[PDB]
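Step one of this worksheet: look at the structure below.
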Amino acid sequence: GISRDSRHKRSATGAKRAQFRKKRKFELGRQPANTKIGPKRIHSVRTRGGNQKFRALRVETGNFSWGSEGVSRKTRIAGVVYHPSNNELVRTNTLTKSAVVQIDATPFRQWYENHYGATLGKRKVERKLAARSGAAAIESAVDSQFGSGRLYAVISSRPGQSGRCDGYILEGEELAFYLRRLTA
Amino acid sequence: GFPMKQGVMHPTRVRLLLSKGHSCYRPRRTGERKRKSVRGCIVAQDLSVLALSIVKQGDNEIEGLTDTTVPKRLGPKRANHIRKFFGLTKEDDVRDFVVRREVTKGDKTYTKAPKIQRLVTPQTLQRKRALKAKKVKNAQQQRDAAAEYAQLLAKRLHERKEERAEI
Amino acid sequence: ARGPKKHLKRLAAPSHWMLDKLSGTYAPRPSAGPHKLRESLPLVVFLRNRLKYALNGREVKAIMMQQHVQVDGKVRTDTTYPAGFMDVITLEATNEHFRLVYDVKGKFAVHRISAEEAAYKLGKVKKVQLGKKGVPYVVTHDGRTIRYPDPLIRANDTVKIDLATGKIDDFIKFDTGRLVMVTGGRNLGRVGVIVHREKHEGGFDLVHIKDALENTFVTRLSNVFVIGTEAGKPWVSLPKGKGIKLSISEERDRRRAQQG
Amino acid sequence: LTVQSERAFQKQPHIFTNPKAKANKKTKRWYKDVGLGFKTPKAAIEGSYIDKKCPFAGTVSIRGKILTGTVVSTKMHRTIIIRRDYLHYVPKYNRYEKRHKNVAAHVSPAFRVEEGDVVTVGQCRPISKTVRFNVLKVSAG
RNA sequence: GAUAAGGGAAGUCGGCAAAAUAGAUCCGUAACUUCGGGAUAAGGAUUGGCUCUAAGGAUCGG
RNA sequence: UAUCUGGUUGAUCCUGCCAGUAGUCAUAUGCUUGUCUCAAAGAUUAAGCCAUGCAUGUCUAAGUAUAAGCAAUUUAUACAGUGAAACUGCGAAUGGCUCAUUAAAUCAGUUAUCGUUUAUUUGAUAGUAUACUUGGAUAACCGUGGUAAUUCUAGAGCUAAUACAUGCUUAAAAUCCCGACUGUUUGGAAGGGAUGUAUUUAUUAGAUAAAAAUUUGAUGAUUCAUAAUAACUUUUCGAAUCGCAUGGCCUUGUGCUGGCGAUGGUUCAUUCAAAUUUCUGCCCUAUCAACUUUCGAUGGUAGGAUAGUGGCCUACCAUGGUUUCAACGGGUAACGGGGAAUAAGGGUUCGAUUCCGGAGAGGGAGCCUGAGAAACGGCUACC
RNA sequence: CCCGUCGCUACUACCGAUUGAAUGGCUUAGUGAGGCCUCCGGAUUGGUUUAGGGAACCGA
Ligand SMILES: [Mg+2]
Ligand SMILES: [Mg+2]
Ligand SMILES: [Mg+2]
Ligand SMILES: [Mg+2]
Ligand SMILES: [Mg+2]
Ligand SMILES: [Mg+2]
Ligand SMILES: [Mg+2]
Ligand SMILES: [Mg+2]
Ligand SMILES: [Mg+2]
Ligand SMILES: [Mg+2]
Ligand SMILES: [Mg+2]
Ligand SMILES: [Mg+2]
Ligand SMILES: [Mg+2]
Ligand SMILES: [Mg+2]
Ligand SMILES: [Mg+2]
Ligand SMILES: [Mg+2]
Ligand SMILES: [Mg+2]
Ligand SMILES: [Mg+2]
Ligand SMILES: [Mg+2]
Ligand SMILES: [Mg+2]
Ligand SMILES: [Mg+2]
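Chains as they are written, first to last, in the entry's author numbering: chain J, 2 to 123, 143 to 204; chain H, 60 to 226; chain F, 2 to 261; chain M, 5 to 145.
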């Protein structure tokens, strides 16, 4: 069994430690989910204490939040474009935490147009919109992407732990950072 | 003597790890799994006996198989099962239609009938009423204990209001 | 080892139970309950070794299965129920009420009280915090959780519980001059007033306590139980001896004069 | 030395800087006091480094034992080794012998330590195979 | 000049003849020793095609 | 009892050992042996192998009874007393034995969990935006059996649940979003959705140095408790259960209400625990001086996994980490400690063994169930 | 008094061809049972259940 104990390692002085006891069940590990993109398939795992975990083996959509306006919508994920841990994860389009993905922009464009009245990519309702006006100008580098119809996002949930693939839309210098990293 | 297991497509024997819910095995303790040899699902010459079920009755009577019949040993026991099998609508009283098998102990005979399950009775309705009355009374006890604490807090806060003004 | 232990060796039982070595191999292992194992008193020990009502464990079980014994106003049928400090035991068949208070000699005294005092008990607040739906609550030393406490209550105070509604009758704030009984260490059972609290953050606060005989001792804050608002005014009756520790020479002289 | 020197973006968790805000374009910084009367260095209030294991801006907590020792190596990235000297009593000879133990502690960029300083380190949760302590105070040597 | 089931020197004075090994990269390498060797000791792993990535330079412009 | 005596020489004084002397909770053995109390006992060599028998099962008024079981006619033609066998629930992870492995390992004293899970016990905690009560299986049983053989089980006919899967019954407002119309200086609005609790994200309260030109908890300390917003979910559970009593209301009913109990259920706390964990402390050996780092060794970033921290594992990147204050290696006729023998004091020797901790059930390894096992009087595979 | 070859008897350890032998630990390389996760698979077995012979699509 996969074991997380530190006994099998050699000590800080470099001495090999002798075998103390048989592997115990309270230090087990399991195998990575390696979440892909495909029709949703989640398997439950019975964990210590009788609790439940959900392995997302394949998912298509997730709930992603646009932080500045504070609104979240569920949208499909197109693919993985960047992963700080392993490039084989980008190549196989494996969903893990902190993975950079492209998400569908329609729910956010629709919310934006209904809430502010402007477009992207580049009586009472009208009064509410006129009041909300002025705050409707967003950053150019984020606005330009809606023209391509795909937003950059990072997964925040842990799909191998909860079966969900949720995240937030990149903005500010974090967005500038991953654009520079991606383009190189 | 090894029995046949459905889905194993062989005329021979294979060894499987059988568990609870599998045929050809009865687990002795909870969670126990045994590796047992079982015969495939393909008919061959190595069978000592084959079990057959008559789907369509033939021409000639079978001596002890198609002429007689054995009544079912037990009647229905659940209330909705009594309603479904034969005899009544939801407004009928199931209590006096249950089949009772009478036993003969020498000279005096008495009847035995099953205990009906899922039968609505005044005790059942009393328990339902008790549960909902307790739930409502509890909800009121909680929301007035909360209201009383809100009075206590308002009094303390008012006292702290005058305390700051004084100091 | 692979799960919780269910036996208790006689030699490994708490010493303040005063069990004899040779009556057998095992001792009553207290059940899970309001009080910790080392600081509790099982009802079999209370009813058989102290009160001597039962001659053996079969008889104590016969006694308890007739619904006579009540702890904190509720009938208990668990023979190894972990009764503990300040708990009230009622035996209405004999019409007797006991309180489990430590005596100054370190053991649980059998301190009988009248029914009027047996109608309540005190509990030291271990923590106060907010529960679900934003309801604050206090957890006492016997594991009780009482919601909607007086907003002035903080940790280490002592509350007086109505014990029939589970509500708070009144409380004592932790401060200088309060009467205290010590519930741990070698000074177990002594009663005095707090003279000075010396705090040690990230560590253990220490409390300096002055006895009624002007004896001063120091103990950890976790072993301090406030039982009265000032000297000579305890909220519960003290056991015989009034929690005053005498040296062995004074005890020997007192015993000689009392018996001759 | 730059903060975004890794293949991943370095930032404090759950600290959100809203781009649609006022002209006060200063990156929001989170910090905490470790308690026990230890002062937060101003390099944490005014700095820009990101360290999840740092006592003041990270999620570790200081609890347990407080030890002092001499820094003997700064050749690891963000990790030091301190040396603790003590006297062991040998009852048979009614005398003592010098002994020492090496304890590995994490040092945040809010402190600058070189070999020879005497530091005070507080215990934290296990943050590595050999590192379980985290520097709280530095005295120049 | 080739191949050959199973065995593998039982053939023969004798392993005669044939077979097996073989290039390169990486790992590893004993007794003994005249300290130079033994040594390619012994004993192991890899090797194609295709699509990429990185490193290694020159001349001009202060 | 803080003690000494014989032995080298022809004789002497010394160094020095041999011998004598006493104890042993220290074993064996020889001889002898009347009484009372107390009482060790396959540790040493073989953690070698085992014939045979036993050591873990369990039912109350309160889960399931048509035994074709017993008993009596009784408040009873639904059952009602007693009661095998089975299904369901729980226990079997405790105990008992042994000390093989194990030398910073175990363990001892001392810490921490603001780094986690926790059956059970004990406290609290749920009005939430077909209903007089939902489904279809299955056991025991009967009768056809196959094998020499097992705690093997297969066809066929029934039939149950606190087993399995679904599903209503209900307060009063209030708040939020969209919003046709309308007022038309930005208000009013018909109509639609959403509110409990769990899960997963993202974003906000969660304050507290003393005068001039409204609330806000704890800690030494937190991104804590808790609350709110936007969404999300192969939708967790907000009782389709069981026993005794039968009370109260009369606008002529199997009407509406209700008393003491069993069990279960979400979350928080507690307890019994568990898992990691700080500091310091282990016998001999240098005829062991360098060890660790291919292929994790030390650290960083990101991830995966875990109940959770952590190179526990993966990817990328640095070259670190231990050591004459003895690392590393080797030996141990080594389970550790509380303790035991002997002892003026200081010490020397022993500690498998009545208590505590750890480990094992021929040797490894891998798992199911379960709160809890890498369990062996559980399973799977190899030797 | 006494020393050493040489000669006799007994015992102990050492060296010693045998690429001697046995047991245990660690380990390179090759093969690799079995469990677990995953991937399809779809024996048979219930109907989201629809249908005038029954042709679809849902679950296990
Ligand atoms: Mg051939
Ligand atoms: Mg061949
Ligand atoms: Mg050959
Ligand atoms: Mg020959
Ligand atoms: Mg020949
Ligand atoms: Mg010859
Ligand atoms: Mg020749
Ligand atoms: Mg030749
Ligand atoms: Mg050679
Ligand atoms: Mg070679
Ligand atoms: Mg290749
Ligand atoms: Mg002697
Ligand atoms: Mg033996
Ligand atoms: Mg045990
Ligand atoms: Mg015994
Ligand atoms: Mg990590
Ligand atoms: Mg021992
Ligand atoms: Mg031994
Ligand atoms: Mg033991
Ligand atoms: Mg085992
Ligand atoms: Mg020899």
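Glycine residues also receive a C-beta, built at the ideal position from the N, C-alpha and C atoms.
With the cut-off set at 8 Å, would you say residue i and residue j are in Cβ contact?
i	j	result
M:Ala61	M:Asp55	yes
F:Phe86	F:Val105	no
J:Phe109	J:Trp67	yes
F:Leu123	F:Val237	yes
M:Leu140	M:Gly126	yes
F:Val208	F:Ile228	no
F:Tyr121	F:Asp170	yes
F:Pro35	F:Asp158	no
H:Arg74	H:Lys95	yes
Please work out which residues of its chain come closer than 7 Å, Cβ to Cβ, to residue i, disregarding the five sequence neighbours upstream and downstream, and give them in chain order.
i	result
H:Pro135	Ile141, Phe144
J:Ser182	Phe55
Check whether chain J comes within 8 Å of residue i, counting only Cβ atoms and requiring the distance to be less than that.
i	result
M:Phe13	yes
M:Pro23	yes
M:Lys133	yes
State yes or no: is the beta carbon of residue i nearer than 8 Å to at least one beta carbon in chain H?
i	result
residue 320 of chain F	Nothing about residue 320 of chain F can be reported from this structure: the residues present for chain F run from 2 to 261 only.
F:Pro152	yes
For a cutoff of 8 Å on Cβ pairs, would you count residue i as touching chain F?
i	result
M:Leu140	no
H:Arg215	yes
M:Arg136	no
H:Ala206	no
M:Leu40	yes
M:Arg129	no
H:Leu76	no
Within 8 Å (strictly less), CB to CB, does residue i reach chain M?
i	result
J:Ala155	yes
F:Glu215	no
F:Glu202	yes
J:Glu146	no
J:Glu28	no
Enumerate in chain order the residues of its own chain whose CB-to-CB distance from residue i is below 6 Å, with the five nearest sequence positions on each side excluded.
i	result
F:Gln71	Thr91
To which residues of the same chain is residue i closer than 8 Å at the C-beta, ignoring the five residues directly before and after it?
i	result
F:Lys168	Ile147, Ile162
(request) Take every Cβ of the region 89-97 of chain F, pair it with every Cβ of the region 129-138 of chain F, and state whether three or more of those distances are shorter than 8 Å. (result) Output reads no: the region 129-138 of chain F does not touch the region 89-97 of chain F.
(request) Kindly provide the ranges of any beta strand (DSSP E) runs that are 3 or more residues long and lie completely inside the region 55-140 of chain M, ordered along the chain. (result) Qualifying beta strand (DSSP E) stretches, in chain order: 70-77, 83-94, 99-110, 122-127.
(message) Within 8 Å, do at least three Cβ pairs link the region 240-259 of chain F to the region 12-32 of chain M?
(response) Taking one beta carbon from each stretch, the region 12-32 of chain M and the region 240-259 of chain F have fewer than 3 pairs nearer than 8 Å; the two do not touch.
(request) Check whether the region 104-115 of chain M touches the region 69-84 of chain M, taking contact to mean three or more Cβ pairs, one atom from each stretch, closer than 8 Å. (result) Because the criterion of three Cβ pairs below 8 Å is met, the region 104-115 of chain M and the region 69-84 of chain M touch.
(request) Enumerate, from N- to C-terminal direction, the unbroken beta strand (DSSP E) stretches of 3 or more residues contained entirely within the region 78-141 of chain F. (result) Counting whole runs of 3 or more residues, the region 78-141 of chain F contains the beta strand (DSSP E) stretches 89-92, 97-103, 109-114, 122-131, 137-141.
(request) Count the C-beta pairs between the region 227-246 of chain F and the region 185-196 of chain F that are closer than 8 Å, then say yes if the count reaches three, no if not. (result) Yes: the two stretches touch, three or more of their Cβ pairs being nearer than 8 Å.
(message) Between the region 213-220 of chain H and the region 75-85 of chain F, can you find at least three pairs of beta-carbon atoms closer than 8 Å?
(response) The region 75-85 of chain F makes no contact with the region 213-220 of chain H: fewer than 3 CB pairs, one atom from each, lie closer than 8 Å.
(message) Please give me, in chain order, every unbroken run of the beta strand (DSSP E) with length at least 3 that falls completely inside the region 159-192 of chain H.
(response) Counting whole runs of 3 or more residues, the region 159-192 of chain H contains the beta strand (DSSP E) stretches 160-164, 167-171.
(message) Ignoring anything shorter than 3 residues, give me the beta strand (DSSP E) runs that lie fully in the region 55-105 of chain J, in order along the chain.
(response) Taking only runs of at least 3 residues, the beta strand (DSSP E) segments lying wholly in the region 55-105 of chain J are 62-67, 72-83, 101-105.
(request) Ignoring anything shorter than 4 residues or poking outside the region 26-72 of chain F, list the alpha helix (DSSP H) runs there in chain order. (result) Here the runs fully enclosed are 58-65.
(request) For the region 119-126 of chain H and the region 97-111 of chain H, state whether three or more C-beta atom pairs, one from each stretch, are separated by less than 8 Å. (result) Verdict: no, contact absent.
(message) Using 8 Å as the cut-off, can you tell me whether the region 191-203 of chain J makes contact with the region 109-123 of chain J, which would need three or more C-beta pairs spanning the two stretches below that distance?
(response) The answer is no - the region 109-123 of chain J does not touch the region 191-203 of chain J, with fewer than three Cβ pairs under 8 Å.
(request) Count the C-beta pairs between the region 25-37 of chain J and the region 151-171 of chain J that are closer than 8 Å, then say yes if the count reaches three, no if not. (result) Short answer: they don't touch.
(request) Report yes or no: do three or more beta-carbon pairs, one from the region 5-21 of chain F and one from the region 38-58 of chain F, lie closer than 8 Å? (result) With three or more CB-CB distances shorter than 8 Å, the region 5-21 of chain F counts as touching the region 38-58 of chain F.
(message) Could you check whether the region 35-47 of chain M touches the region 86-106 of chain M, counting it as contact only if at least three pairs of C-beta atoms, one from each stretch, sit closer than 8 Å?
(response) No: the two stretches stay apart, fewer than three of their Cβ pairs being nearer than 8 Å.
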